[PDB]
Amino acid sequence: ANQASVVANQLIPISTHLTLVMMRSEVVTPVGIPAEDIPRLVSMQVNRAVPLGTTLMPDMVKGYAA
């Protein structure tokens, strides 16, 4: 487990466009969106509410493909 994922740094309400302060990098299980993609995620919209400390998964971000 050395791969870090994107984890919500605050509750992200449904349909919010992500900003940098909302995203942190953490080694969590299961693995979500790779923490290196945090750059690309800015301005993309989440399609559900992501509570504080939840791993951001590919299927929670609208338009995400990588």
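Some points to look at:
- Contact order relative to length of the chain, as percent, for alpha carbon pairs under 8 angstrom and 6 or more apart: 41 percent
- Between residue 44 and residue 10, the distance separating the two model label sites (each 7 Å from Cα on the Cα→Cβ line) works out to 2.1 nm.
- Each residue of region 51-63 was assigned a 3J(HN,Hα) from its phi angle through the Karplus expression (A = 6.51, B = -1.76, C = 1.60, θ = phi - 60°), giving x, 3, x, 7, 5, 7, 9, x, 6, 8, 10, 5, x Hz with x at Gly and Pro.
- Stokes-Einstein diffusion coefficient of the chain, Kirkwood radius over Cα pairs, 20 °C, 1.002 mPa s, in µm²/s: 188 µm²/s
- If only the Cβ of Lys and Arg carry +1 and only the Cβ of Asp and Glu carry -1, the dipole of the chain around its Cα centre is close to 160 debye.
- Among residues other than residue 56 with Cβ under 11 Å from its Cβ, the summed charge is -1 (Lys and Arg +1, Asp and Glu -1).
- Remark on residue 11: its backbone amide H falls under 5 Å from those of 52, a criterion applied only to residues 5 or more positions apart or on other chains, H modelled at 1.01 Å from N.
- Rounded to whole Hz, the Karplus (6.51, -1.76, 1.60) HN-Hα couplings of region 26-36, x for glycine and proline: 7, 8, 10, 10, x, 7, x, 4, x, 4, 5
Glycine also receives a Cβ, built like all others from the backbone with ideal geometry; neighbour counts cover every protein chain displayed. Only the coordinates and a few stated rules stand behind these numbers; no lab work does.
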